[PDB]
Amino acid sequence: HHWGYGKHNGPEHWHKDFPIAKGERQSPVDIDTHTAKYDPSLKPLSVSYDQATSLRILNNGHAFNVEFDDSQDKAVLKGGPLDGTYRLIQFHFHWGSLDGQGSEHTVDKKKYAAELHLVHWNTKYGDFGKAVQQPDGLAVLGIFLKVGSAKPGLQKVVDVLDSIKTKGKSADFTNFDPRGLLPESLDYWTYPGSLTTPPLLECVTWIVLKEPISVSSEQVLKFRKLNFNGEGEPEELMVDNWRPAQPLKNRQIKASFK
Ligand SMILES: CCOc1ccc2nc(S(N)(=O)=O)sc2c1
Ligand SMILES: [Cl-]
Ligand SMILES: [Zn+2]
């Protein structure tokens, strides 16, 4: 066995191996724009990716991760609801089999075609492994993707996917600039949550941007050519690798705007 997104190992099954799946601060969640409240206590959000150093791209059987060198303070996220410095370690996406679904977070129940997750760990914990043992160990910047005009900055990623079609495959991926995946506005919603895939640890401060980026149908279609399976195994297209919205419970989503 092994958790996945299928009928017999999907999200509704995760709680068995990972009881925290029914926890008090699970992600993703639906973002009710009318209930979210503007928070003046939020400081300006700062995304500094100018010195970002990508190293490799990997198909881990659930999605593909563009990994970065986080041995030094380069690509960092700070400000907003965050206290201290968070360092970028990797980014990945969640997408659907159709344009009408694919995102994990939803806005007023609306599902986007995909969602980009830029993962960062709190530098005061030394490293990622230690950060995931803390309630404020991680910060994930989420960006929605809608199908429309192509996103130039994403093409380098889509063009390397052919080399990592199956689970376990990786490829060198240096000099990729994540700044090319950001929308114009940094307006966002924020709330305390968790990792959206096992181990589903509740160590994440979520920062979801309001403005989605546009990607072309051609670009997302290539995402859908990836495989969940390993080389030589029966083909199971990597699509719908998203977890649905979870109970908000005792939480309040704050807005950085209006
Ligand atoms: C220790 C294994 O590393 C992990 C495991 C799950 C996980 N989920 C996310 S997400 N979808 O951004 O909430 S990033 C991440 C890193
Ligand atoms: Cl299936
Ligand atoms: Zn994710």
# chains A, B, ... in the order shown; residues from 1 in each chain; ligands from 1
$ residues_near_ligand --ligand "ligand 2" --cutoff "7 Å" --atoms "only C-alpha atoms and all ligand atoms" --output "ChimeraX atom specification"
/A:6-7,236
$ write_last_selection --atoms "N, CA, C and O atoms" --output "PDB file, in the first residue's frame"
ATOM      1  N   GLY A   6      -5.819   7.906  -5.020  1.00  0.00           N
ATOM      2  CA  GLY A   6      -6.754   6.981  -5.633  1.00  0.00           C
ATOM      3  C   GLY A   6      -7.951   6.678  -4.755  1.00  0.00           C
ATOM      4  O   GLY A   6      -8.073   7.189  -3.641  1.00  0.00           O
ATOM      5  N   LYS A   7      -8.839   5.828  -5.261  1.00  0.00           N
ATOM      6  CA  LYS A   7     -10.047   5.445  -4.543  1.00  0.00           C
ATOM      7  C   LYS A   7      -9.772   4.697  -3.241  1.00  0.00           C
ATOM      8  O   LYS A   7     -10.461   4.903  -2.241  1.00  0.00           O
ATOM      9  N   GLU A 236      -0.405   5.504 -14.787  1.00  0.00           N
ATOM     10  CA  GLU A 236      -1.432   6.135 -13.976  1.00  0.00           C
ATOM     11  C   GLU A 236      -1.062   7.615 -14.040  1.00  0.00           C
ATOM     12  O   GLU A 236      -0.136   8.062 -13.364  1.00  0.00           O
TER      13      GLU A 236
END
$ residues_near_ligand --ligand "ligand 1" --cutoff "9 Å" --atoms "only C-alpha atoms and all ligand atoms" --output "VMD selection string"
chain A and resid 27 to 28 90 to 94 104 116 to 120 128 to 129 132 138 to 142 193 to 201 204 206 242 to 243
$ write_last_selection --atoms "N, CA, C and O atoms" --output "compact mmCIF listing (two decimals), in the first residue's frame"
# COMPACT_ATOMS: atom_id res chain seq x y z
N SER A 27 -5.12 21.55 6.63
CA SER A 27 -5.17 22.29 5.37
C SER A 27 -5.36 21.31 4.22
O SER A 27 -5.01 20.14 4.33
N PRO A 28 -5.89 21.79 3.09
CA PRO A 28 -6.31 23.17 2.86
C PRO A 28 -7.69 23.46 3.43
O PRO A 28 -8.32 22.59 4.04
N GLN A 90 11.79 24.35 -1.39
CA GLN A 90 11.27 23.73 -2.61
C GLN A 90 9.91 24.29 -2.96
O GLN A 90 9.28 24.96 -2.14
N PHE A 91 9.47 24.06 -4.20
CA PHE A 91 8.13 24.45 -4.60
C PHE A 91 7.58 23.32 -5.45
O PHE A 91 8.34 22.54 -6.03
N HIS A 92 6.26 23.21 -5.50
CA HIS A 92 5.61 22.17 -6.28
C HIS A 92 4.21 22.67 -6.58
O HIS A 92 3.84 23.77 -6.17
N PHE A 93 3.44 21.86 -7.31
CA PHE A 93 2.08 22.22 -7.67
C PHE A 93 1.12 21.07 -7.39
O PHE A 93 1.53 19.93 -7.19
N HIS A 94 -0.17 21.40 -7.40
CA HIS A 94 -1.25 20.44 -7.24
C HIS A 94 -2.15 20.83 -8.40
O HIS A 94 -2.42 22.02 -8.59
N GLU A 104 -6.01 23.27 -4.07
CA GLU A 104 -6.32 22.68 -2.77
C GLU A 104 -7.17 23.68 -2.00
O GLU A 104 -8.25 23.35 -1.52
N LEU A 116 0.18 26.51 -6.75
CA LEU A 116 1.63 26.47 -6.56
C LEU A 116 1.95 26.64 -5.08
O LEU A 116 1.42 27.54 -4.43
N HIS A 117 2.83 25.79 -4.57
CA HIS A 117 3.22 25.87 -3.17
C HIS A 117 4.72 26.08 -3.04
O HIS A 117 5.51 25.22 -3.41
N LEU A 118 5.10 27.24 -2.51
CA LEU A 118 6.51 27.56 -2.28
C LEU A 118 6.70 27.34 -0.79
O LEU A 118 6.18 28.08 0.05
N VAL A 119 7.46 26.29 -0.46
CA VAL A 119 7.69 25.89 0.93
C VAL A 119 8.93 26.51 1.57
O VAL A 119 10.01 26.48 1.00
N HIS A 120 8.76 27.06 2.78
CA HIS A 120 9.87 27.69 3.50
C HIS A 120 9.91 27.22 4.95
O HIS A 120 8.86 26.97 5.55
N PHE A 128 14.97 22.08 8.09
CA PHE A 128 13.61 21.65 7.82
C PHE A 128 13.11 20.54 8.75
O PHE A 128 11.99 20.61 9.24
N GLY A 129 13.94 19.54 8.99
CA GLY A 129 13.53 18.44 9.84
C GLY A 129 13.12 18.86 11.24
O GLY A 129 12.20 18.29 11.84
N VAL A 132 9.66 21.11 11.30
CA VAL A 132 8.40 20.39 11.27
C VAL A 132 7.99 19.79 12.61
O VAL A 132 7.03 19.03 12.70
N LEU A 138 6.98 26.15 9.66
CA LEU A 138 6.93 26.36 8.22
C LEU A 138 6.01 27.48 7.78
O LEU A 138 5.11 27.90 8.51
N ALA A 139 6.25 27.95 6.56
CA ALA A 139 5.43 28.98 5.94
C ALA A 139 5.35 28.58 4.48
O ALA A 139 6.37 28.39 3.82
N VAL A 140 4.13 28.42 3.98
CA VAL A 140 3.96 28.05 2.59
C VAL A 140 3.20 29.17 1.90
O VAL A 140 2.15 29.61 2.38
N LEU A 141 3.76 29.64 0.80
CA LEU A 141 3.15 30.69 0.00
C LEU A 141 2.39 29.97 -1.11
O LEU A 141 2.99 29.28 -1.94
N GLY A 142 1.07 30.13 -1.12
CA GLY A 142 0.25 29.47 -2.12
C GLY A 142 -0.21 30.44 -3.18
O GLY A 142 -0.62 31.56 -2.89
N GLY A 193 -2.20 26.50 9.57
CA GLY A 193 -2.62 25.22 9.03
C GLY A 193 -1.61 24.09 9.10
O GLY A 193 -0.77 24.04 10.00
N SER A 194 -1.68 23.20 8.11
CA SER A 194 -0.81 22.03 8.05
C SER A 194 -0.28 21.73 6.66
O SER A 194 -0.60 22.41 5.69
N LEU A 195 0.54 20.69 6.59
CA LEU A 195 1.07 20.22 5.32
C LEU A 195 -0.19 19.57 4.74
O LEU A 195 -1.01 19.05 5.50
N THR A 196 -0.36 19.61 3.42
CA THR A 196 -1.57 19.03 2.81
C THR A 196 -1.41 17.59 2.34
O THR A 196 -2.33 17.02 1.75
N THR A 197 -0.23 17.01 2.57
CA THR A 197 -0.01 15.61 2.23
C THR A 197 0.64 14.99 3.45
O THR A 197 1.20 15.70 4.29
N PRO A 198 0.54 13.67 3.60
CA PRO A 198 1.16 13.03 4.76
C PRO A 198 2.62 13.48 4.86
O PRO A 198 3.29 13.65 3.84
N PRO A 199 3.15 13.64 6.08
CA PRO A 199 2.54 13.43 7.40
C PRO A 199 1.48 14.42 7.91
O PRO A 199 1.08 14.34 9.06
N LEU A 200 1.06 15.36 7.06
CA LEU A 200 0.02 16.33 7.44
C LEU A 200 0.31 17.09 8.74
O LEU A 200 -0.62 17.44 9.47
N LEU A 201 1.58 17.34 9.02
CA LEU A 201 1.96 18.03 10.24
C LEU A 201 1.40 19.45 10.32
O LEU A 201 1.35 20.17 9.32
N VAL A 204 2.41 24.75 9.75
CA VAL A 204 2.39 25.77 8.70
C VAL A 204 1.60 27.05 8.86
O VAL A 204 0.44 27.03 9.27
N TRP A 206 0.03 29.54 6.64
CA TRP A 206 -0.32 29.67 5.23
C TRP A 206 -0.51 31.10 4.78
O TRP A 206 -1.15 31.90 5.45
N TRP A 242 -4.64 16.67 -5.46
CA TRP A 242 -5.01 17.69 -4.49
C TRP A 242 -5.89 17.14 -3.39
O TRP A 242 -6.69 16.23 -3.62
N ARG A 243 -5.73 17.69 -2.19
CA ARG A 243 -6.54 17.30 -1.05
C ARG A 243 -7.68 18.32 -0.98
O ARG A 243 -7.46 19.51 -1.19
$ residues_around --residues "residue 209 in chain A" --least-positions-apart "4" --cutoff "10 Å" --atoms "only C-alpha atoms" --output "PyMOL selection string"
chain A and resi 141-144+182-183+185-190+213+255-256
$ residues_around --residues "residue 62 in chain A" --least-positions-apart "3" --cutoff "9 Å" --atoms "only C-alpha atoms" --output "PDB file with N, CA and C atoms, in the first residue's frame"
ATOM      1  N   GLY A   4      -2.020   7.899  -1.376  1.00  0.00           N
ATOM      2  CA  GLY A   4      -2.000   8.463  -2.707  1.00  0.00           C
ATOM      3  C   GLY A   4      -3.247   9.291  -2.908  1.00  0.00           C
ATOM      4  N   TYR A   5      -3.751   9.327  -4.137  1.00  0.00           N
ATOM      5  CA  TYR A   5      -4.959  10.088  -4.436  1.00  0.00           C
ATOM      6  C   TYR A   5      -6.003   9.217  -5.119  1.00  0.00           C
ATOM      7  N   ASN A  59      10.385  13.984  -9.431  1.00  0.00           N
ATOM      8  CA  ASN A  59       9.039  13.418  -9.472  1.00  0.00           C
ATOM      9  C   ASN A  59       9.034  12.477  -8.274  1.00  0.00           C
ATOM     10  N   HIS A  94      -0.166  21.398  -7.398  1.00  0.00           N
ATOM     11  CA  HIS A  94      -1.245  20.436  -7.240  1.00  0.00           C
ATOM     12  C   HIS A  94      -2.147  20.830  -8.396  1.00  0.00           C
ATOM     13  N   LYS A 167       7.808   8.262 -11.217  1.00  0.00           N
ATOM     14  CA  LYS A 167       8.209   8.342  -9.818  1.00  0.00           C
ATOM     15  C   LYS A 167       9.668   7.959  -9.624  1.00  0.00           C
ATOM     16  N   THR A 197      -0.233  17.012   2.566  1.00  0.00           N
ATOM     17  CA  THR A 197      -0.009  15.611   2.227  1.00  0.00           C
ATOM     18  C   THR A 197       0.639  14.991   3.452  1.00  0.00           C
ATOM     19  N   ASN A 227       3.496  10.915 -14.530  1.00  0.00           N
ATOM     20  CA  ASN A 227       2.995   9.649 -13.994  1.00  0.00           C
ATOM     21  C   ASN A 227       3.160   9.529 -12.483  1.00  0.00           C
ATOM     22  N   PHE A 228       2.186   8.887 -11.840  1.00  0.00           N
ATOM     23  CA  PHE A 228       2.220   8.626 -10.402  1.00  0.00           C
ATOM     24  C   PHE A 228       3.114   7.399 -10.212  1.00  0.00           C
ATOM     25  N   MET A 238      -0.530  11.463 -13.571  1.00  0.00           N
ATOM     26  CA  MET A 238      -0.452  12.273 -12.360  1.00  0.00           C
ATOM     27  C   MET A 238      -1.402  13.454 -12.518  1.00  0.00           C
ATOM     28  N   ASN A 241      -3.986  15.539  -7.919  1.00  0.00           N
ATOM     29  CA  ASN A 241      -3.163  15.257  -6.747  1.00  0.00           C
ATOM     30  C   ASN A 241      -3.377  16.355  -5.707  1.00  0.00           C
TER      31      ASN A 241
END
$ select_by_dssp --residues "range 168-214 of chain A" --states "strand (DSSP E)" --output "count of residues only"
17
$ atom_distance --atom1 "CA of residue 80 in chain A" --atom2 "CA of residue 49 in chain A"
16.0 Å
$ residues_around --residues "range 36-40 of chain A" --least-positions-apart "4" --cutoff "8 Å" --atoms "only C-alpha atoms" --output "ChimeraX atom specification"
/A:31-32,189,252-258
$ write_last_selection --atoms "C-alpha atoms" --output "mmCIF file, in the first residue's frame"
data_model
loop_
_atom_site.group_PDB
_atom_site.id
_atom_site.type_symbol
_atom_site.label_atom_id
_atom_site.label_comp_id
_atom_site.auth_asym_id
_atom_site.auth_seq_id
_atom_site.Cartn_x
_atom_site.Cartn_y
_atom_site.Cartn_z
ATOM 1 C CA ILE A 31 -11.426 30.795 1.999
ATOM 2 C CA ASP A 32 -14.692 32.621 2.615
ATOM 3 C CA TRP A 189 -5.120 35.694 3.135
ATOM 4 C CA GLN A 252 -9.938 32.802 11.556
ATOM 5 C CA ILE A 253 -8.592 33.701 8.137
ATOM 6 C CA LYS A 254 -7.076 37.175 8.012
ATOM 7 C CA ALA A 255 -6.730 39.423 4.979
ATOM 8 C CA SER A 256 -3.779 41.701 4.306
ATOM 9 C CA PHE A 257 -6.001 44.079 2.338
ATOM 10 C CA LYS A 258 -9.076 46.360 2.324
#
